[PDB]
Structure formats: C-alpha cells, structure tokens
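In the form deposited in one PDB entry, a lone chain appears below as structure tokens.
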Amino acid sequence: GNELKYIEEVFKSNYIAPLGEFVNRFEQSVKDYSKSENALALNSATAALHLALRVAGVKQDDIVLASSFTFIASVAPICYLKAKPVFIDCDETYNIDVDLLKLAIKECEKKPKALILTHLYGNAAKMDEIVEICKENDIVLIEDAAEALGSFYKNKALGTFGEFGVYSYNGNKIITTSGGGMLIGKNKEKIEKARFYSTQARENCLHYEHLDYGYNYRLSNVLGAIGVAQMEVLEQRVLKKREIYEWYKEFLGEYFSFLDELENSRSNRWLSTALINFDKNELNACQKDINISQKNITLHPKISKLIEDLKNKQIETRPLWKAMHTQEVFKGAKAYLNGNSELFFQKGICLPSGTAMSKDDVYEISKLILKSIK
C-alpha cells in the first residue's frame, strides 16, 4: 500500500507540519469506517483495554466478566488493576454463551462492573442479547474487537455496541512489523480522559503539572502512517479473507466443519478455522461453575498429525486459543463452563489466511491436509 509513501512524508514534513498528523488521520479513518464518534490511537489493543477499564471506573477487587476462549492479552488489563476476572465459556460462534453469562451474573455475590467481550477470530457474538443483558444489569460493555475490525452485526460495526471498543492491527506473533491499537467509544468525555492518561496525565500548564498519574500509551506518527495505509485497504482485505474462507470450505467441507457466522452478520474471517470429526450435538456437554486450576487439553489425533505433516511441507498451522479457565495464571478464579472451548481446542485448526494467497495456494494446502487426515 502507501505505507512507505506516508512514512517518507512523516520524516520529510516533521519539521513543519501539525503535530501527530498521521495519528489524527488514522483515528479519523477508523471513525469513518466504524461510524464511532470517538477514536484514540494507542500503542496496543492491550493498552486500549487497560485505559477503557480505568476510565470505566474499575478498581482493585472489582469484578470483571470476560471470555474464557480468547487471547490472554484481552484480560491481562484486569490483572493490572488488580480486579477479579470471572470467565465464561463460549457458544457456536466461538463467543460468550448467553445462558452462561446470565447464570454468572445471577450467581455473583458482588455485581460485575464490566464485561470484556471478545469477538473471536472476527466472529460476531450474539449482540442483541448481550447488549440487553448488560444494560439491564448495569454492566459496562467493552468489546475486544482486536481481530474483528471489518466485522459487522446487522450492518453495525463490531466495537460500536459497547461503551468502549478496541481494535488491533498486526496479529499476535511475538514480534511484528508494525504495532498499534485503537480505543473507540460512545462517551466523548471518557475517551478524552483516556487521551489524557495516554500521555502521562499532564495538566494544561506551561510546565509539567500532575493531579493524577498516567501512561506512555500514545501511538507514534510513524505507526499512525502505517495505520492509515492499512485502513485504505481494509475492506479489500476483508473481502479476500472471506474468499479464502470459502475456498477452504469448498475444498475441506467434506471432512471439516465450518461453523456459520450469525445470520445478518458479517465476519471478517481474519483467520480461517475449522473443526475435524465434529457434530453440533457435541455442544453444551455441561453447565458448571468451577474454581480454575491448570489443565492440559489433548489435541485430536488427526489435528496433531495435521500440524506436524503440514509443518514438514513448510506450511504453518496452529491450534485454536487455549481457554483461560485451563491456565495456571488464573488459578482460583471463577469460571462457568459448558465444555465448548475445550472441545474446539481439541478438534480445531487455525489455517493460513494471508490475503496474498491465491486460490491455488489454498487448494494446495487443502490437498496436503486431506492427505494427512486419511
């Protein structure tokens, strides 16, 4: 895209242009796309979530509901504020199950202050129900749409349903080319308070004056430039991601299950995923509450062999997220299970979904998979 062009512009005009020009443009491009009225460009989605929780009023020992089937970066902010996480298993969309959410809220001795809802692999959660449950229980809804930029629910962009929404831009490898997150929200005052915290909580004075403490979370102009470049081709990439998903479905549909997106929703399919030897009757094996303890989850034989085989053909595939309710870090925390996230880890596979791939690449990969599973 125009990444190099914009970065060159940043260095060339730094001496004369307005402050944070590309950061401003990046925020505006997200506002234009999502239709949110407020946007704040930060160093990461984790930082965006951290600020969202703080401006929402979350304090030490407060209760925060969160998805169990997710990446730990979505819930670590709860730990930063020393709040207590309550994890909820998922449904057929890979997202928080409505039944379990209601159960958790009903049984909480202390009322939860907020809910961090993850839209896993770009799939939309059942928003109408979740939004209502949060409203009726006075729970602040914070959408973790880190991998859901470009996803929609009934023509509305994921991230714009809760009081706060968060987007990420570069995947989750340990080291990435670029970096950055965007915090969006309904309340201008709260978002502007976050913009204040994002730069060390400075008062408007000639010198440095501080009434509170903040962070160093503001995005740089160089990364903002890359962000603008990425937003310019977002829709195109979303369309390509979906084409890739459909190709995988076409070539593997006979042996793998490709769970449908919610009706009247549009998943960005940022990463294509599939389940082997799966039947919907396997869902919701239980409905129990537990105190978390670490546990390993055995990969289905075909999945472990698949990853190994494709690995020898220079193709990288990965297991799905390992639920938070099975992680040692959250030992002792409350969790509500139905068995779905563990089942998905057991039979799921994350497939190569780079938009640079052609139909032949997807076909060749699929051919190698079919050969391995039989």
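Don't overthink the numbering: it's just position in the shown sequence, from 1. Residues that one form lacks are left out of the comparison. C-alpha atoms forming the largest set that superposes within 1.5 Å between two forms make up the rigid core.
Missing here is the form deposited in another entry; even so, the following discussion is about that form.
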Displaced position between this form and the one not shown, chosen from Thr199, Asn187, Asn172, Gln287 (C-alpha, 2 Å or more, rigid core): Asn172
Sense of the change in Cα distance from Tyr121 to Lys173 in the other entry - at least 3 Å versus the shown form: closer
Sense of CA distance change between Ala157 and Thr177 in the other entry, threshold 3 Å: closer
Mobile segments between this form and the one not shown - rigid core superposition, Cα shift of 2 Å or more, 3+ residues: 170-177
